[PDB]
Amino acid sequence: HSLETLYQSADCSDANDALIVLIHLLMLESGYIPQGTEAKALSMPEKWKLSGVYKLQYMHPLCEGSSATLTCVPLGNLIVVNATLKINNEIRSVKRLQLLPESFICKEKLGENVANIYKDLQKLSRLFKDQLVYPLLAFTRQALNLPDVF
């Protein structure tokens, strides 16, 4: 219900929008808390979609004293997810991930149920988590001089 709820809040216009919503939900399910919204399970953060690019900002209970930013850039048929960490007003690049929306989105069905729209979800989920979320958390923990949580 959260995916479908967040999806309708998003007012997706294209395949890229639909992919970003899914990415955001995966961040939420890993424990990240989004800035720009007071109801993380109901609506997308304000300005999540700004002039061709997407920006998602989070804090995490396992990473006190830091904030994580996903900057998502449409490059071609690709979407590039950039993960960036801010600690003590210092910005550090963490990781990038290249995603191909066509592999996971049925763009012809964006107005329908999310079950009709997303394909190979478990594929995209383990890709995003294994190559972005977990490396980001581990990188952050290190930067914060904390023991790893995995």
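Position 1 is the first residue in the sequence shown; the rest follow in order.
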Mean C-alpha B factor from the entry: is it higher for 44 to 52 or for 112 to 120? 112 to 120
Test of understanding: from the entry's C-alpha B-factors, which stretch has the higher mean, 94 to 102 or 22 to 30? 94 to 102
By the CA temperature factor listed in this entry, which of these ranks top: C63, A39, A68, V81? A39
Thinking about Cα B factors across the chain, which third does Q35 belong to? middle
Record-listed C-alpha B factor of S13: chain third: highest
Of the three thirds of Cα B-factor ranks in this chain, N89 occupies the highest
